[PDB]
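# Working through the structure, step by step
Chain by chain, the residues run as shown.
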Amino acid sequence: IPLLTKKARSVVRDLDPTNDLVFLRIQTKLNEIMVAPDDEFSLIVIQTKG
Amino acid sequence: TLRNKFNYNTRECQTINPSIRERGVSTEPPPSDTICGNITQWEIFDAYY
């Protein structure tokens, strides 16, 4: 998960350098993945779609 | 009797020759290393910033 977020952060970063990732949410067919990224720590929560 | 010390003079002449020598020399080019560099707009901006 962190490798995807780092790659995802760069994708957001390429379009605007000043803009920095605040929150990223990936929704799979059977599950929803939410990752909150900070320099000190990263919080990842997996919640099944209702 | 005809040959005389004054009549015939013998001189020995030689040419200086450098002594032959055997030497082995090995040359090997400077060590080369593999370098991988990835450049992104944000990374360039961060250094610039």
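What counts, and at which threshold
Residues numbered from 1 in each chain as written, not as in the entry; some residues may be left out. Chains lettered and ligands numbered in written order. Part of a larger assembly, values for the part shown. Heavy atoms only, no water. Contact = heavy atoms within 4.5 Å. Buried area = accessible area lost by both parts, 1.4 Å probe. Salt bridge = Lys/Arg side-chain N within 4 Å of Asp/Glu carboxyl O. Polar contact = N/O pair within 3.5 Å; in protein donor to acceptor, adjacent residues only side chain to side chain. Nonpolar A, V, L, I, M, F, W, Y, C, P; charged D, E, K, R; others polar. Patch = residues over 30% accessible without salt bridge, like charges linked within 9 Å, V, L, I, M, F, W, Y side chains within 5 Å. Areas by Shrake-Rupley, 256 points an atom, 1.4 Å probe, with all protein chains shown as cover. Helix = DSSP H or I, 4+ residues; strand = E, 2+ residues; numbered from the N terminus. Buried < 20%, exposed > 50% of the residue type's maximum accessible area, 1.4 Å probe, protein only. Pairing = 2+ DSSP bridges. Axes fitted to C-alpha atoms, helices over the stretch in contact; angles between N-to-C directions. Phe/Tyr/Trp six-rings, centres within 6.5 Å; stacked < 30°, edge-to-face > 60°.

Let us look at the interface of chain A and chain B. On the side of chain B, 4 residues touch chain A, which itself brings 4 residues to the contact. Both faces combined, the contact of chain A with chain B buries some 390 Å², and carbon together with sulfur accounts for 74% of it. For chain A, the biggest contributors to the area lost against chain B are A:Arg13, A:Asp14 and A:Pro17; these three give 80% of the whole. If you look at where chain A meets chain B, you find 0 salt bridges. Joining chain A to chain B, the criterion identifies 0 residue pairs in polar contact. Within the side of chain A that touches chain B, the residues separate by chemical class into 1 nonpolar, 1 polar and 2 charged.

Our next topic: a nonpolar patch on the surface. Among the surface-exposed residues, A:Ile1, A:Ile44 and A:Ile46 lie close enough to one another that they form a single nonpolar patch of about 260 Å² accessible area. Note that A:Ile46 resides in strand β3 (residues 42-47).

This next bit is on the environment of B:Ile20. Residue and element names in this part refer to chain B. Here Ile-20 lies in the segment before α1 (41-48). Overall, the relative accessible area of 77% leaves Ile-20 in the exposed class. C-alpha of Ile-20 to C-alpha of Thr-40: the two residues are 20 residues apart in sequence and 63 Å apart in space.

Attention now moves to the side chain of A:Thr5. Structurally, the position occupied by A:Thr5 is in helix α1 (residues 2-15). Classification of A:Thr5 as buried rests on a relative accessible area of 13%.

Glancing now at the sheet that holds strand β2 (residues 32-37) of chain A. All names here are of chain A. An order of β1-β2-β3 is seen for the 3 strands of this open sheet, with the pairing classed as antiparallel. On the outer flanks of this sheet lie β1 (24-27) and β3, each paired with one strand and no other. Neighbour-to-neighbour, the strand axes of the sheet open up by a mean angle of 15°, direction not taken into account. Direction of pairing for β2 relative to β3: antiparallel, over a ladder of 6 bridges. Its bridge partner being in β3, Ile-33 is matched across the sheet by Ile-46.

Moving on to the packing of aromatic side chains. Residue and element names in this part refer to chain B. Summed over the entire model, instances satisfying the criterion amount to 1 aromatic pair over all chains. When the centroid spacing of 5.8 Å and the interplanar angle of 45° are considered together, the rings of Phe-45 and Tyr-49 count as tilted. Judged by relative accessible area, which is 30%, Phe-45 ranks as partly exposed.

Bringing the pairing of β3(A) into the picture now. A small share of β3(A) lies buried, amounting to 0 of its 6 residues. Between β2(A) and the antiparallel strand that follows it, β3(A), lie 4 residues.

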